[PDB]
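Protein chains in written order, with the deposited numbering: chain MB, 609, 619 to 710; chain LB, 609, 619 to 710; chain NB, 508 to 608; chain A, 559 to 608. Every residue, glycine too, gets a C-beta built ideally from N, C-alpha and C.
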Amino acid sequence: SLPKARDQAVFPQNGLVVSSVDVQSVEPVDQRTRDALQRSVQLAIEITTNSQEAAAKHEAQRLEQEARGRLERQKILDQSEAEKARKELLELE
Amino acid sequence: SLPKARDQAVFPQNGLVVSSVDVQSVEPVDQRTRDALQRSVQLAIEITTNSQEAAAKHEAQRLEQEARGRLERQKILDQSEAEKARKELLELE
Amino acid sequence: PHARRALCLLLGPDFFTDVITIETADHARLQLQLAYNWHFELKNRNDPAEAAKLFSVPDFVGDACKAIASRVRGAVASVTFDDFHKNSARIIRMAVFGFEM
Amino acid sequence: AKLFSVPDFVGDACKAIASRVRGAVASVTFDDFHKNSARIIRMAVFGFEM
């Protein structure tokens with residue numbers, strides 16, 4: 609059909634045909650595959666927490682940095698108006 | 609048929634033909650193949666945990682570094698606007 | 508395996524309030540309650556062969572639940588917990604009948 | 559007679575809507591699920607574009 622094999626497992630001895638083979642759950646019985654891959658669970662879930670919190674920290678820095686950015690520009694524009702009329706200040710002074 | 622041998626194990630003495638040979642499970646009985654290959658289990662699963670957590674750390678660094686990257690550019694563009702009107706500042710000042 | 512027994516084979520649309528114990532690629536052992544919205548299909552509701560093919564499997568409820576549970580668990584096995592929860596219904600529904608049409 | 563097809567239509571409707579709602583809210587943050595609460599839950603039930 619790498620590539621898929623077939624859809625028939627035939628036994629020529631009696632004509633018994635296994636149409637498909639289904640396996641339910643991999644048990645592994647030992648307690649050491651068990652809550653040691655469970656520490657693997659804890660690490661493979663902590664990585665997800667760290668990734669999402671890092672991305673949110675970056676977006677928080679996004680808000681902070683964009684804020685500081687037009688903070689600068691508006692400090693700037695208000696100093697613009699202040700100097701525009703400091704013109705009249707120093708003229709008349 | 619490296620290469621596959623045949624599909625018949627015939628005994629000419631009586632005509633007994635072993636169509637196929639099936640082996641169920643490798644036991645090894647000793648306790649020292651046992652929970653010592655089980656420490657092998659712990660290592661061969663910890664390697665998987667380390668690999669996935671390292672990849673997630675790299676993707677977290679991806680989010681962090683891309684964040685810092687346009688953090689720089691937006692610091693930059695807001696300073697652009699601030700200097701654009703610092704032009705009027707210093708003209709009139 | 509064998510709990511209910513009735514004289515009639517329900518062909519009308521129904522569901523199975525089945526819960527599975529699946530494990531994703533992040534090993535996250537989670538149980539999950541399923542429905543299996545099912546209904547029997549007969550194109551010719553008089554032919555003896557097709558009509559008797561209804562009673563082919565004697566435990567069709569269990570067969571449907573086990574097959575869907577197996578395929579769902581196998582497909583969620585290839586995805587992280589983050590993926591299995593972002594596209595939860597998406598991946599489980601493509602798990603049941605994985606194809607492209 | 560197709561009305562009596564499902565014998566527990568109340569439960570069927572509740573379970574189907576609950577499943578689809580939970581699956582769709584599963585893809586959004588808590589902030590999003592509370593900003594567009596009704597919006598996302600109502601598109602969860604019958605997700606399409608018409």
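Exposure label - residue i; buried when at least 16 CB within 10 Å
{"i": "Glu670 of chain LB", "result": "buried"}
{"i": "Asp639 of chain LB", "result": "exposed"}
{"i": "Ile664 of chain LB", "result": "exposed"}
{"i": "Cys515 of chain NB", "result": "exposed"}
{"i": "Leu541 of chain NB", "result": "buried"}
{"i": "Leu688 of chain LB", "result": "buried"}
{"i": "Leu549 of chain NB", "result": "exposed"}
{"i": "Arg703 of chain LB", "result": "buried"}
{"i": "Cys572 of chain NB", "result": "buried"}
{"i": "residue 615 of chain LB", "result": "Between 609 and 619, chain LB has no modelled residues, and residue 615 of chain LB is one of the positions in that gap."}
{"i": "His509 of chain NB", "result": "exposed"}
{"i": "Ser595 of chain NB", "result": "buried"}
{"i": "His675 of chain MB", "result": "buried"}
{"i": "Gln648 of chain MB", "result": "exposed"}
{"i": "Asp554 of chain NB", "result": "exposed"}
{"i": "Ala559 of chain A", "result": "exposed"}
{"i": "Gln630 of chain MB", "result": "exposed"}
{"i": "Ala699 of chain LB", "result": "buried"}
{"i": "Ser609 of chain LB", "result": "exposed"}
{"i": "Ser636 of chain MB", "result": "exposed"}
{"i": "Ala602 of chain NB", "result": "buried"}
{"i": "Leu706 of chain LB", "result": "buried"}
{"i": "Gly686 of chain MB", "result": "buried"}
{"i": "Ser668 of chain LB", "result": "exposed"}
Neighbour list for residue i in chain LB, Cβ cutoff strictly below 7 angstroms
{"i": "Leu694 of chain MB", "result": "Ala702"}
{"i": "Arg649 of chain MB", "result": "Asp652, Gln655, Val658, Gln659"}
Limits of the unbroken beta strand (DSSP E) element including residue i
{"i": "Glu710 of chain MB", "result": "From DSSP, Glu710 of chain MB is part of no beta strand (DSSP E); its letter is neither H nor E."}
{"i": "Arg597 of chain A", "result": "Here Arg597 of chain A belongs to no beta strand (DSSP E); instead the alpha helix (DSSP H) covers 595–603."}
{"i": "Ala558 of chain NB", "result": "Run containing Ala558 of chain NB: none in the beta strand (DSSP E); it sits in the alpha helix (DSSP H), 555–559."}
{"i": "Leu516 of chain NB", "result": "Note, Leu516 of chain NB: premise wrong, no beta strand (DSSP E); not H, not E."}
{"i": "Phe628 of chain MB", "result": "626–628"}
{"i": "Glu530 of chain NB", "result": "526–530"}
{"i": "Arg623 of chain LB", "result": "First-last for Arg623 of chain LB: undefined, no H or E at that position."}
{"i": "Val635 of chain MB", "result": "633–635"}
{"i": "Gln648 of chain LB", "result": "Taken as a continuous stretch (DSSP letters only), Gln648 of chain LB belongs to no beta strand (DSSP E), as it is neither H nor E."}
{"i": "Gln641 of chain MB", "result": "Premise fails: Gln641 of chain MB is in no beta strand (DSSP E) and is neither H nor E."}
{"i": "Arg552 of chain NB", "result": "Premise fails: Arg552 of chain NB is in no beta strand (DSSP E) and is neither H nor E."}
{"i": "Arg511 of chain NB", "result": "Segment: none, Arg511 of chain NB is in no beta strand (DSSP E) and carries neither H nor E."}
{"i": "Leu539 of chain NB", "result": "536–540"}
Element boundaries [alpha helix (DSSP H), containing residue i]
{"i": "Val568 of chain A", "result": "567–583"}
Straight-line gap, residue i to residue j (C-alpha atoms, nearest Å)
{"i": "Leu561 of chain A", "j": "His546 of chain NB", "result": "14 angstroms"}
{"i": "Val658 of chain LB", "j": "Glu557 of chain NB", "result": "51 angstroms"}
{"i": "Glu530 of chain NB", "j": "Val646 of chain LB", "result": "30 angstroms"}
{"i": "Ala582 of chain A", "j": "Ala661 of chain LB", "result": "36 angstroms"}
{"i": "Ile598 of chain NB", "j": "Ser642 of chain MB", "result": "19 angstroms"}
{"i": "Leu537 of chain NB", "j": "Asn544 of chain NB", "result": "22 angstroms"}
{"i": "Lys621 of chain MB", "j": "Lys593 of chain NB", "result": "30 angstroms"}
{"i": "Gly632 of chain MB", "j": "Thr528 of chain NB", "result": "36 angstroms"}
{"i": "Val634 of chain MB", "j": "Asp652 of chain MB", "result": "40 angstroms"}
{"i": "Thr650 of chain MB", "j": "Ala584 of chain NB", "result": "17 angstroms"}
{"i": "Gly569 of chain NB", "j": "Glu607 of chain NB", "result": "27 angstroms"}
{"i": "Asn551 of chain NB", "j": "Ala576 of chain NB", "result": "30 angstroms"}
{"i": "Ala684 of chain LB", "j": "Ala673 of chain LB", "result": "16 angstroms"}
{"i": "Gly605 of chain NB", "j": "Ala574 of chain NB", "result": "13 angstroms"}
{"i": "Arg656 of chain MB", "j": "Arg656 of chain LB", "result": "14 angstroms"}
{"i": "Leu654 of chain MB", "j": "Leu654 of chain LB", "result": "15 angstroms"}
{"i": "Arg511 of chain NB", "j": "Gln678 of chain MB", "result": "60 angstroms"}
{"i": "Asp533 of chain NB", "j": "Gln696 of chain MB", "result": "56 angstroms"}
{"i": "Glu681 of chain MB", "j": "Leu709 of chain MB", "result": "42 angstroms"}
{"i": "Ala513 of chain NB", "j": "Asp525 of chain NB", "result": "19 angstroms"}
{"i": "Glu644 of chain MB", "j": "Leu619 of chain MB", "result": "26 angstroms"}
{"i": "residue 674 of chain NB", "j": "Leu539 of chain NB", "result": "The question about residue 674 of chain NB has no answer here: the residues shown for chain NB are numbered 508 through 608."}
Amino acids of chain NB, ordered along the chain, whose beta-carbon sits closer than 8 angstroms to that of residue i
{"i": "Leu619 of chain MB", "result": "Residues of chain NB passing the Cβ test: none, with the nearest at roughly 17 angstroms."}
{"i": "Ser577 of chain A", "result": "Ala542, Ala596"}
{"i": "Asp639 of chain MB", "result": "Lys573, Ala574, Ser577"}
Under 9 angstroms by beta carbon: chain NB residues contacting residue i
{"i": "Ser563 of chain A", "result": "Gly519, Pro520, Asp521, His546"}
{"i": "residue 611 of chain MB", "result": "What the structure lacks is residue 611 of chain MB: chain MB is numbered 609, then 619, with the residues between left out."}
{"i": "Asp570 of chain A", "result": "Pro520, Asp521, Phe522, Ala542, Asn544"}
8 angstroms Cβ cut-off: residues of chain MB touching residue i
{"i": "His509 of chain NB", "result": "Chain MB residues near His509 of chain NB: none, gap ~17 angstroms exceeds 8 angstroms."}
{"i": "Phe606 of chain NB", "result": "None at all; the shortest Cβ gap to chain MB is about 14 angstroms."}
{"i": "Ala602 of chain NB", "result": "Those within 8 angstroms of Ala602 of chain NB in chain MB number zero; the least Cβ separation is about 14 angstroms."}
Listed by chain order, chain A residues near residue i by CB distance under 8 angstroms
{"i": "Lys593 of chain NB", "result": "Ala584, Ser585"}
Contacts of residue i in chain LB (Cβ-Cβ under 8 angstroms)
{"i": "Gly632 of chain MB", "result": "Result: empty, since nearest Cβ-Cβ is about 14 angstroms, beyond 8 angstroms."}
{"i": "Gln678 of chain MB", "result": "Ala684, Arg685, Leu688"}
{"i": "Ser642 of chain MB", "result": "Result: empty, since nearest Cβ-Cβ is about 17 angstroms, beyond 8 angstroms."}
Chain MB contact residues for residue i, given Cβ-Cβ distances below 7 angstroms
{"i": "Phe567 of chain NB", "result": "Result: empty, since nearest Cβ-Cβ is about 15 angstroms, beyond 7 angstroms."}
Check: residue i C-beta below 7 angstroms from any heavy atom of the ligand PLP
{"i": "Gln669 of chain MB", "result": "Within the structure as shown, the ligand PLP is missing, as the structure has no ligands at all."}
Answer yes if the stretch 558–576 of chain NB comes into contact with the stretch 687–699 of chain MB, meaning at least three C-beta pairs across the two stretches below 8 angstroms, and no otherwise. Below 8 angstroms, too few C-beta pairs join the stretch 687–699 of chain MB and the stretch 558–576 of chain NB to call them touching: fewer than three.
For the pair the stretch 508–525 of chain NB and the stretch 625–644 of chain LB, tell me if three or more CB-CB distances fall below 8 angstroms. In short, these stretches do not touch, since the Cβ pair count stays below three.
Can we say the stretch 576–590 of chain NB touches the stretch 570–581 of chain A, given the rule of at least three CB pairs closer than 8 angstroms? With contact defined as three or more Cβ pairs closer than 8 angstroms, the stretch 576–590 of chain NB and the stretch 570–581 of chain A are not in contact.
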